[PDB]
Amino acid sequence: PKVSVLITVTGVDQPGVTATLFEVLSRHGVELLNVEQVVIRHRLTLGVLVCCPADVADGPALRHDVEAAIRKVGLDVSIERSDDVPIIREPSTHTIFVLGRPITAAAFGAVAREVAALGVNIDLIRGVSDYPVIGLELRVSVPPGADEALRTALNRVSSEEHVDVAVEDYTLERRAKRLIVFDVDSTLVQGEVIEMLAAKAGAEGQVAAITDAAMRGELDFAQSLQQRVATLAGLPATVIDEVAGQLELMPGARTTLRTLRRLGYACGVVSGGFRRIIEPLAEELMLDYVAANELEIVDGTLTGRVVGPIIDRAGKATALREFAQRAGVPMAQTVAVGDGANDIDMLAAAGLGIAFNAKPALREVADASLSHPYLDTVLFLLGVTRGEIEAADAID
């Protein structure tokens, strides 16, 4: 066909507009080059880029057939001989997630302003969740180089306006992630296992103070581990099982793992805690990988020491490479989720680093930060919508 024509239908959605418009076009020389349609709050837009003979493009018959059929039923229709108009839009360069409880218009306006300031175009906005948190997504086209500046703006917006705001590369490659590791304490699991253990010794006070200092980047993680575990010296090893039984998963943890299994993720945990507690849950949760420290035991009693290599800050990164090597997943397809400075190296080595209700030391280095006590908000940052979770869960 000689030339291109653009036909744009808009108005209040009605049954059968799509079919009707393409019957009409078939009565002319028409081949489709591109078609985009959506209905947002009963507003229909139907954009049809079309290929027909110069004979048909500049004759009133085509226009009149379309104009009569569309207007008859209560819609509007445009018909312009394009020729120089793009055929198919280009993909977004990035996607921006906004989670809040709530998201104020002010918060969202600040995001939109920071975006529009940097020359970043908004290609689509959709809601990804109404529960447990309101989640919104902006697919954007970021001018080359503004990548860095935009993340900073949105980090300022995030904290000023009390929403989480994460900017992810929306490329083919960086999207097909396949491996996720969770920190255990205060990430996959509520609270600190060492504090639960330290309680059985009447040491929960000192132990929680040191844990706070260690997780904030105030103290070396190795020394802090040795000082806190030392408070357990003399407890029967029976206490490991008991503390194990007290563990409460992070809200949405189960939803998070189930959903990630549906997507084919390899899943593991990497903690400075204790393999003898973590392994029960690792099994229950059908996890693929567990790296953890080890309590020393003598005649069935704890000594106050841990064994062998201490999984320290650097050791958490090392474990994620082990995992991603054993799993044949390139580091750029890996996800790490943590809450403490214990985790800075893990997150930084991972393709996507997610700080989860995390001390300032980790937020400052993370790729994205989540502020709400639901681990399944991790899913939203992995391109999953609430409705998709609910639909797949319903099927079962």
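Sequential numbering from 1, following the sequence displayed.
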{"property": "Higher-B stretch (mean Cα B-factor, as the entry records it), 373-381 or 21-29", "result": "21-29"}
{"property": "Which of 64-72 and 36-44 has higher mean CA B factor, as the PDB entry lists it", "result": "64-72"}
{"property": "Among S159, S78, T187, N121 - the residue whose C-alpha B-factor is largest in the record", "result": "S159"}
{"property": "Candidate residues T255, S129, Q246, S141, the one whose C-alpha B factor the record puts highest", "result": "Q246"}
{"property": "CA B-factor placement of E195, once the chain's modelled residues are sorted into thirds", "result": "middle"}
{"property": "Chain third (lowest, middle, highest) by recorded CA B-factor, residue given as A57", "result": "highest"}
{"property": "Third of the chain's Cα B-factor distribution that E114 belongs to, per the entry", "result": "middle"}
{"property": "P251 by Cα B-factor - lowest, middle or highest third of the modelled chain", "result": "lowest"}
{"property": "Chain third (lowest, middle, highest) by recorded CA B-factor, residue given as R261", "result": "lowest"}
